[PDB]
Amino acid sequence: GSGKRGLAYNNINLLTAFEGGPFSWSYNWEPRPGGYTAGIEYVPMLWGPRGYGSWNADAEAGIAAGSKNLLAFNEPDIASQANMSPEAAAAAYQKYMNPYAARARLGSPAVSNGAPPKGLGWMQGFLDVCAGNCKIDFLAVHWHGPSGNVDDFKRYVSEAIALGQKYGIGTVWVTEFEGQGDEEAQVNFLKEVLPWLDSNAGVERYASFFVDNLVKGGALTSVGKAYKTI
């Protein structure tokens, strides 16, 4: 396909259900993959402070396994996720990510679609605090919301793109998006956003949220099939 579509997982076993779909990459919100999937680029994540301990070592294995890309903290703007002030993110980014700039493309901490001061407000606070010394190849962002709130999806992604470009970061990954509701409500959403994401040159890579919910009892759900074929 576009080569932008990702497999976001917890159970590495379930990526087989997506074999031969237009997938180039995977991540699991962890620094280590828990296994191997052939022909797809695993992307390590520095989730938050709990990972600082191993991050050196973890970035080493992954670059050593040919990983082109590294991701930073998960939802520092949400208290039960990374839960990090923009200032502490800037510090820990510069410290723990910037060092791999020569060997890998670095993805920003991934914000929620929460309104300022969460979301892209936190990104701007982080981008301000970074003070042009954070080495960032791409912004990571997330959007969760009802299936019929599709417009808001696209505005958010554009606003993330606009925000990144103002700070000289030329692309975003949408590392999580989820159009909520019953199976049909979820399909139709993917029919609208997947083509839009695939041609929107502001979006380098994306992942619907997520593999483990798109498979059930070892079988693709109907949402699974749509994500695989559209």
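Numbers for residues come from their place in the sequence shown, where the first is 1.
Mean C-alpha B-factor is higher over 143-151 than over the other stretch, the pair under comparison being 75-83 and 143-151. The question of which stretch, 212-220 or 5-13, has the higher mean Cα B factor is settled in favour of 212-220. Out of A65, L70, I40, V174, it is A65 whose C-alpha atom has the highest B-factor in the PDB entry. Compared with the other modelled residues of the chain, the Cα B-factor recorded for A90 ranks in the middle third.
In this PDB entry, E184 carries a Cα temperature factor that places it within the highest third of its chain's modelled residues. Compared with the other modelled residues of the chain, the Cα B-factor recorded for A110 ranks in the lowest third.
In the deposited entry, the Cα temperature factor of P31 sits in the bottom third of values across the chain's modelled residues.
The PDB entry assigns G48 a C-alpha temperature factor belonging to the lowest third of its chain's modelled residues.
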